*Asks:* 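Sharing a structure, written as C-alpha cells. Questions coming.
In what follows, chains are A, B, ... by sequence order, proteins preceding strands, each numbered from 1.
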4 protein chains.
Amino acid sequence: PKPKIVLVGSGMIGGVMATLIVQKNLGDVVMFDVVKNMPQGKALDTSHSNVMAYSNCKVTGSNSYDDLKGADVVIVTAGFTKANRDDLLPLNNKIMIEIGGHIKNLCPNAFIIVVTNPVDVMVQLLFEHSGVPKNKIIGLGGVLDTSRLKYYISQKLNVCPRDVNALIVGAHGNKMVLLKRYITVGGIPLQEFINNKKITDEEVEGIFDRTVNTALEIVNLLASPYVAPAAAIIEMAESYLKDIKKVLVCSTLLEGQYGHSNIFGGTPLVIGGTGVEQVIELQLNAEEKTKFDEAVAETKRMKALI
Amino acid sequence: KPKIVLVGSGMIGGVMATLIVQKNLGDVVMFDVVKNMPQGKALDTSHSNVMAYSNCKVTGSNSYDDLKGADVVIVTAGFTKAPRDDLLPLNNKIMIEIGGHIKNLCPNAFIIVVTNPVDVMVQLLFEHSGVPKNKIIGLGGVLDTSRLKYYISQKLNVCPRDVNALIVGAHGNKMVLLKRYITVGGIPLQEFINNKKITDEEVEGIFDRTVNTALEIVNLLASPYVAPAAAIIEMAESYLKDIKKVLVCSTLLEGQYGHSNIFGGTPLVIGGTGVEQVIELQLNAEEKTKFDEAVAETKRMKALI
Amino acid sequence: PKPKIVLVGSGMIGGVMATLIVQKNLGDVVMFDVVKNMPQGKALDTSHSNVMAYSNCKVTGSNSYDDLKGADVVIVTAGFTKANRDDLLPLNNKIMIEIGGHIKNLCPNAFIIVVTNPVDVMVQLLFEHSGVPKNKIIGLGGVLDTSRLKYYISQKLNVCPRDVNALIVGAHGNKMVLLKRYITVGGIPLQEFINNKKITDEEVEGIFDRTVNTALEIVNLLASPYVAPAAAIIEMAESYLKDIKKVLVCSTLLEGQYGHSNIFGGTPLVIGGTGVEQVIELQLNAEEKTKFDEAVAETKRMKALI
Amino acid sequence: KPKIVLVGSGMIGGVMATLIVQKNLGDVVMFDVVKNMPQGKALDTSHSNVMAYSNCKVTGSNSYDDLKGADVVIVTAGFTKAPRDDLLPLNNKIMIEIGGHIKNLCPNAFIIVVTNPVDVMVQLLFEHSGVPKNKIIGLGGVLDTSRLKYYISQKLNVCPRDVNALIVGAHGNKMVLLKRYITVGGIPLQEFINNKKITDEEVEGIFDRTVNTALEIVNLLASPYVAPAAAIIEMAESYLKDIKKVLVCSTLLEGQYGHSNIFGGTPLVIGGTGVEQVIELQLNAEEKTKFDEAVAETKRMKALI
DNA sequence: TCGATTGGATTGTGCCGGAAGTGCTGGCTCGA
DNA sequence: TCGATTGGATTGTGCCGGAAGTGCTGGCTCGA
Ligand SMILES: [Mg+2]
Ligand SMILES: [Mg+2]
C-alpha cells in the first residue's frame, strides 16, 4: 500500500534523499549499496527520525539487488566519480548494465530516476538495458541547474526563490543551455527588471556562469553538492508518486524534438502518475538551437566511449 | 507569537481561522459585530489544534478592544451584495469605525482589506487608520489569478501552480487580464497556442470565465469563500514569515501607470516590513488603456461614498 | 493513481473536509449531495485553492450515487439533523440503506468512515447494508471527543495540545466514557499534575463535563461544530491512505470485547493501509466497564427504533 | 526573521541546515573552525530553498563575529570519540571560547548544546556565556526516547510517534529508562505486556538496544547524525514557534530530584520565552536511585575538566 | 601472494583498534 | 392541487429576484 522507493546508491545524495523521504512520509525506503553494512547503518539512524517527523516509513539497508523486487520508484546515484573523467565511462556503463538487468527482472514497472554522471549518457544506457518504457525513465538535470539560476536571481532581486522561473536545457554539465529569453520573476519577464536597472546584463551573465560553475565552486570550497541534488530528485519523485503533473526539466528520450533522435537530453517535461505525461519542445531560436545541438553532440561523444 | 485579528467572522473568516491553525501561523481573534457567533466558531476551530499539531489560541470577540497588539488585521466585515453603489456609503462608515480603532490600538499592524469594492475600501481604511502606505493592501490579484491559473492548468493538464499569470488594475469586472504575461512551467503561453494545445479563443473564454467566476459560483447556489480565504492567508503568511513572494494586490499608486491618490492592483513583494517593492509593469498602449479603465471605475465609485 | 475520496454529504463538515483534502493534496474529491447544484458550486470554489496550496486534486460536485464508482475512501455525513431526535432514526436508516446498496455495487473495496448521528448506530446500519468487511468501516467519535478533552487540559496546563493524550470510549454522544485514569501530559500521568496542584480534581471534572457538552456549547453560541469534526475525519482518512498506523479511537464492530457483540462501539484502533489493523481492548476496571455497558445499551436502544 | 547560528558545521550541522530550510524556520549561519567547508555546505543548502518553497538565507562562516544577533545558537563543535575523559579538558576550552562570544554578541539567544558529554558541557557553556538558566538546554532525551519509541512501535506495529516514553537523568550509558512511563496511543504499556503483545524481557532488550544505539550504528560503519539533527530541530522549532512541547532535555537542577549545581535530563516545556516549565517527575525509590547514578556520573566527569 | 565495490567518521577509507586532539595508521581477515 | 432531498448566502432556505442594509419574502416552475 505504501510506495517502495529503492535508492541504488547510499552515498551523500542517497542519505539526504532518505532523510527527505521520511520528512515527507513519501514511502518505504531501501538504501542499497554494493558497499557492505554502511547502508544498514545509515538506514538505522534515519529510521529513528520517523518519530520527530510524525511519519511511518520503513527505512532499511541492503547489499542485495534482489531488494529491487516490487519497487515503485528506483533512484540510481551509484557509480564511479573518482580516479580524464571519460575513463570512468566504461566502468559506469558496466554498472548500468548490471542494474538494468535486475530492473528488468525484478521491477519492470518501476519509475526510474538516473543521477549517475554524465547523466544524459547514463540514463540512456540504463534505458537500453532495463527494457522499461521511455515514459518511465528520466535523468536529473534541469531541476537542479535551474534551482541554482532561480536562487541567484532571487537573491539579487530580493524576492522568493520559487518566484523566479527559468529553463536550462540540452544536457546536465558544462554544455547546459541557459535560456535568457525564458527567465521570469513573479511571472514578469526578467528584461523588465533589467530595464528598471534592478539587475544588469553583466550581472545576469555572471549569474549564468555561476550556475554553470556551481558544482566546481562547492568542491573548491572542500564540500560536495548533495543537499540540493537530493531535494531536486525528491521533487521529481514526489511529482510522480502523488500525480502532481509538475512541469520539470529532466533528461528524456528525444524522438525528433530539437532535430535529434536516439539520444537523451534535457527538456521541460510533465511528471504525473503515469510517468512522463508530456514532453514539451521549446520553440528555440537559431542560436539557442545551436547551443542545444552542441550539448547533444557532447552527450553522443561520451556515449561512444563506453 | 503573532496575533492575527479577523475583523469579520463570516464564512471567509471561518476558513481563514481554520488555515491559520493548520499552518500554526499565530493566535487568532475572530471578531464580529454579530454576538456569540464568533465565540462559537472560535471554540470549534480551537480543537483542531490537536489534529494539526499546532498551538494557536483561537478566541471570539464582539469588542474592537481586542485589536490591541495585533500584528495582522484582516478586514472582511461589511455589507455585501450578490453578483451596486448603495454599498459605498454604508461600508464607508464601517471603514471609518474600524480605522479609528486601528489607529488607537494597533497602529503598527499589517492590514489586509477584503471588503468590497476592495480597491475603494482599502483606500478609505488607509486614510482613516493612519497606517503607512507599505502596511496596508487589498485582496484582488491573488484570487483572480488563482482562477485564471487553475482554468488554464486544466486545459493543458499541468499542476495549477505551474501556470503563472497577472491580473491587474482592479478587483471587479474591469480587472485587467494580461494575456502577454501568461506562462506555463516558465514557458510563454504563446508557445502552447502555436502548438494548438490551446487557442486564443479558448484563452479569451477562460478570461471571461475568470471575470465571472463569483457569479458562476453563486448561480450554483454556493458562495465563494474557500479560495478567497486561501489567497488572503497566502498574503498574510508572506508577511509573517518574510517570504518576499511576488503577489498581485491593491496598493497605493504614486504615479505608477500614470495614476496617483488611488489604490490599484499591481504585483508587489510582500515581506517582513510589509510591501517591500511595488512593481510597475511595462504595459503597452492597449494594456495601459485597460488599466486606465479599471482605475477610472475605482475613482467613479470613490466619488459616491 | 491518485486516491478517489467521495464525500457523501456536502454540508458544513463536507466543505471543510474538501478544503483540508486540497491543503494536504490527499486525493481527488467528489462532493456528493442529494441537493442539486450546491455541491458543484462548493467544488468549483474549492478547486481554485489548489493554486494556493501547490496541490493538484480534482474537486467535482455530484448529485449522482453513480459517482461512488471506484472510490477508495467514502465519508458519509449526509442525513437528517433537524425536525425527539429518535424520530430521525427511521429516516436516516433509509438513507443508510440507499447508500449501502450503492457501495456494494460500485465501490465494495472502499474504506468507509461514517459521521451521520447517532454514529454508533448508523455505522452498523451502513455496515449491514453495504456488505463491506468489518475492517473496512468505522465511525467518527473518539478522535473528535478526545480532541476536546486534550485541548482543554492543554490550555489549563499551558502545554502543546497534541502532548496531552486521553481516551474516550463506548459511544459518541452524551454517554461517552471519559477515562480519567488514562490521561497523560507529555507522557506523564495527569495525577502528577494534580498532586503538584497545577490542576484540581474539580477542574478536571469541569473539563470532562465541558468535553461532553461541547457540541451544545457551540450550538448555544449560534455556531455549529464542523471544523474540528472535519479535521478529525481527515486524520482518520489520512492514516488509512498513507498507511500511518496511528492509534485512533473510533467506532468499530465489537466481537466480544468489553463483553459485547453484534454492536459497534468506540475503542482505540490502529488504522493502516488495510483498514482497521488492530482493535485494542482496554483493560477497564469494573466502574469503567459499567459506563461502557451503559453507552452500548443506549446504542442498542436507539438501534431498536429504526 | 529568526537568525539561527550553527556553531559546528559537521554532519549533524548539515542535516540541521537542511531541515531548517525545509521548514522555512529562519536564516542560517553555518559556522566552523574548518576553513571554507561551511561556506561550501551553505552554498549547496541554499539552493534547496527553491525545491522547498522557502526563503532562508544560508551562509557559511569561520568567524565568531557572525554570532551577532543570533536568536538561536546550536553548539555541536568539539572533539569527538567513537563509542573517554580526555575530551573533558579540551572541550572545556571550547565551551569557554564560545561562551565568551555568546556573552559579547548574542546574550539574548536561546542556546542548545550538543557537545559531548552533553550534561557537563551544557553547564560549562551556561557558566561562561552568562545566559539565564531558562535560555540554555542540552540535547539528550528527545534523541534517546526517539530510539525507544521507534523500537517499541515496530514491535507493536503502530505509528512511531504514538509511543510515548521518558528517558531522564543523563545522555549517556547511565540514561534512566522509565518503564513505568511508557504508553502506546495513550495506553499504559503494561496493558500490552498483559496481553502478551510484548514482554517485559523484550522491553528490557529494547532498553539495552536504546542505550547502545550509537555503538550499533558505528559498528555498521555509519555515524549517527540524522536523528540527532531532527531532535535538535524539534527543540529549536518548539522555541521559535512557541509551541510549548513537552520535551526531555538537560537543564539546570535547582533541588529537583534532590540535586543542585548540575544539569540533568528532565521533561521541560519549551516555548517562546525558553524553558517555561521544568517538570519534576514523581519517581519512586528505585527510579530515584537510577537518577542519582546518572547525575553522579555527570559530577564525576565535571571534576575532570 | 596481494589487493580490498559504486562509501565514510575527526583523521582515511577492504576492516578494526589505538593515538592524538581541528586530528591517520598499524595490524588484521577474506578471497580472488 | 400543493409541496418542495440528507444544504445555504446577509436575510431564509424547492428556486430566483428585489429590497433593505447586521439584513426575508413575493412570485415562479417542476412533478408527485
Ligand atoms: Mg571504496
Ligand atoms: Mg433542505
*Asks:* Might you point out which heavy atoms bring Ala71(C) and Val6(C) nearest each other, and give the distance in Å?
*Replies:* CB-CG2, 3.6 Å
*Asks:* Just confirming the chi classification of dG12(E), syn or anti, using 90° around 0 as the syn window.
*Replies:*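 Syn for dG12(E); the angle stays within 90° of 0.
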*Asks:* Please report the distance, rounded to the nearest Å, between CZ in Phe32(C) and P in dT6(F).
*Replies:* 12 Å
*Asks:* If you apply the rule side chain to side chain contact (heavy atoms under 4.5 Å, CB included), what do you find for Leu7(A) with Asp33(A), and how did you get there?
*Replies:* CA-CA 8 Å; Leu7(A) 310 180; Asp33(A) 208 278; over 6 Å; no
*Asks:* Answer yes or no: is there a side-chain heavy-atom contact under 4.5 Å between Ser9(D) and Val34(D)?
*Replies:* no
*Asks:* When the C1'-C2'-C3'-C4' sign is the only test used, does the sugar of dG23(F) come out north or south?
*Replies:* south
*Asks:* Could you state the interatomic distance from CG (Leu87(D)) to CE (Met121(D)), rounded to the nearest 0.5 Å?
*Replies:* 8.0 Å
*Asks:* On a heavy-atom basis, which atom in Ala215(A) and which in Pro225(A) lie closest, and how many Å separate them?
*Replies:* CA-CG, 4.0 Å
*Asks:* Is the shortest side-chain heavy-atom distance between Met12(C) and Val16(C) below 4.5 Å?
*Replies:* no
*Asks:* Dump the intermediate steps for side chain to side chain contact (heavy atoms under 4.5 Å, CB included) on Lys81(D) and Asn116(D), then the final yes or no.
*Replies:* CA-CA 9 Å; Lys81(D) 197 174 184 65; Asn116(D) 267 309; over 6 Å; no
*Asks:* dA4(F) pairs with which nucleotide, Watson-Crick or G-U wobble, both distances below 3.5 Å?
*Replies:* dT29(F)
*Asks:* Taking a pair to be Watson-Crick (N1-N3 plus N6-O4 or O6-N4) or G-U wobble (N1-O2 and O6-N3), each under 3.5 Å, are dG7(E) and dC16(E) paired?
*Replies:* no
*Asks:* Are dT11(E) and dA19(E) a base pair, Watson-Crick or G-U wobble, with both contacts under 3.5 Å?
*Replies:*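 When the criterion is applied, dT11(E) and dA19(E) count as a base pair.
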*Asks:* Show each protein N/O and nucleotides 9-14 of chain F N/O combination with a separation under 3.5 Å, one pair to a line.
*Replies:*
from: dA9(F); atom 1: OP1; to: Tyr225(B); atom 2: OH; distance (Å): 3.4
from: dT10(F); atom 1: OP1; to: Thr80(B); atom 2: OG1; distance (Å): 2.9

*Asks:* Quick one: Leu68(A) CG to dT6(E) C1', roughly how many Å, whole number?
*Replies:*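 After rounding, the gap between these two atoms is 14 Å.
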*Asks:* What pucker, north or south, follows for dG21(E) from the sign of the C1'-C2'-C3'-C4' torsion?
*Replies:* south
*Asks:* Does the pair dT5(E)/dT6(E) satisfy a centre-to-centre distance of less than 5.5 Å between six-membered base rings together with a plane angle of less than 30°?
*Replies:*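 No, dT5(E) and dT6(E) do not stack on each other.
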*Asks:* Quick check on contacts: within residues 85-98 of chain B, what sits under 4.0 Å from DNA chain F by heavy-atom distance?
*Replies:*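 Here the set is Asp86(B), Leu87(B), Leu90(B), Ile94(B).
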*Asks:* I need the CZ-P distance between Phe80(C) and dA4(F), as an integer number of Å.
*Replies:*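 Whole-Å distance recorded here is 10 Å.
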*Asks:* Would you call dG23(E) syn or anti, using the 90° rule around 0?
*Replies:*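 Base orientation: syn.
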*Asks:* Might you point out which heavy atoms bring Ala230(C) and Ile13(C) nearest each other, and give the distance in Å?
*Replies:* CB-O, 3.8 Å
*Asks:* Which nucleotide in the set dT22(E), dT6(F), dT22(F) lies at the smallest distance from any side-chain heavy atom of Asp33(C)?
*Replies:*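 Nearest listed nucleotide: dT6(F).
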*Asks:* Expressed as a whole number of Å, how far does the P atom of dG31(E) sit from that of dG7(E)?
*Replies:* 22 Å
*Asks:* Can you tell me how far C1' in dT10(F) sits from the matching atom in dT1(F), rounded to whole Å?
*Replies:*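 Pairwise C1' distance, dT10(F) against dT1(F), rounds to 34 Å.
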*Asks:* Is it true that the side chains of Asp66(D) and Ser61(D) contain a donor and an acceptor less than 3.5 Å apart?
*Replies:*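 The criterion, which ignores hydrogens and geometry beyond distance, is satisfied for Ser61(D) and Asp66(D).
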*Asks:* Whole-Å distance between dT6(E) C1' and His102(A) NE2?
*Replies:*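 These atoms are roughly 13 Å apart.
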*Asks:* Between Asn63(A) (CG) and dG7(E) (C1'), how many Å, whole number?
*Replies:*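 Going from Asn63(A) (CG) to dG7(E) (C1'), I get 11 Å.
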*Asks:* Check for me whether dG26(E) stacks on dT25(E) (ring centroids under 5.5 Å, interplanar angle under 30°).
*Replies:*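 In short, yes, the neighbouring bases stack by the stated criterion.
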*Asks:* Mind calculating the distance between CG (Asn219(D)) and P (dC16(E)) to the nearest angstrom?
*Replies:*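 It works out to 8 Å between those atoms.
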*Asks:* Scan every strand shown for a Watson-Crick or G-U wobble partner of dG23(F), both distances under 3.5 Å, and answer none if you come up empty.
*Replies:*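 Checking every strand shown, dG23(F) finds no partner, since no pair has both distances under 3.5 Å.
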*Asks:* What integer number of Å spans the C1' atoms of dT29(F) and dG21(F)?
*Replies:*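 One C1' to the other, the span is 30 Å.
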*Asks:* Based on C1'-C2'-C3'-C4', put the sugar of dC28(F) on the north side (positive) or the south side (negative).
*Replies:*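 The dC28(F) sugar sits on the north side, the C3'-endo region.
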*Asks:* Please report the distance separating the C1' of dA19(F) from the corresponding atom of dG12(F), rounded so that it comes out in whole Å.
*Replies:* 14 Å
*Asks:* Which atom pair, heavy atoms only, marks the closest approach of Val119(A) to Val115(A)?
*Replies:*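 Closest approach of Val119(A) to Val115(A), heavy atoms only: CB-O, 4.1 Å.
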*Asks:* Please give the distance between the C1' atoms of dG17(E) and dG26(E) as a whole number of Å.
*Replies:* 9 Å
*Asks:* Any stacking for adjacent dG21(E) and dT22(E) under the 5.5 Å centre, 30° plane criterion?
*Replies:* no
*Asks:* Whole Å only: how far is the CG atom of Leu7(A) from the P atom of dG7(E)?
*Replies:* 11 Å
*Asks:* Please state the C1' separation for the pair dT22(F) and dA9(F) - nearest whole angstrom.
*Replies:*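 Comparing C1' positions in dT22(F) and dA9(F) gives a spacing of 14 Å.
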*Asks:* Go through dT5(F), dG7(E), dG21(F) for me and flag the one nearest to the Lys36(C) side chain.
*Replies:*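 Among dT5(F), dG7(E), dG21(F), the one nearest the side chain of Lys36(C) is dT5(F).
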*Asks:* Please assess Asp45(A) against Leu220(D) for the test side chain to side chain contact (heavy atoms under 4.5 Å, CB included), listing each intermediate value before the final yes or no.
*Replies:* CA-CA 10 Å; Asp45(A) 178 28; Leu220(D) 288 166; over 6 Å; no
*Asks:* Rounded to the nearest 0.5 Å, how far apart are CD1 of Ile218(C) and CE of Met37(B)?
*Replies:*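 So the gap between those two atoms works out to 14.0 Å.
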*Asks:* Taking the P atom in each of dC30(F) and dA20(F), what is the distance between them to the nearest angstrom?
*Replies:* 30 Å
*Asks:* Using the P atoms only, state how far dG3(F) lies from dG18(F), rounded to an integer number of Å.
*Replies:*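 Pairwise P distance, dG18(F) against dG3(F), rounds to 27 Å.
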*Asks:* Which whole-number value in Å describes the distance from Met31(C) CE to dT6(F) P?
*Replies:*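 It works out to 17 Å between those atoms.
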*Asks:* Indicate yes if the six-membered rings of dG23(F) and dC24(F) are centred less than 5.5 Å apart and inclined by less than 30°, otherwise no.
*Replies:*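 Pair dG23(F), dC24(F) comes out not stacked.
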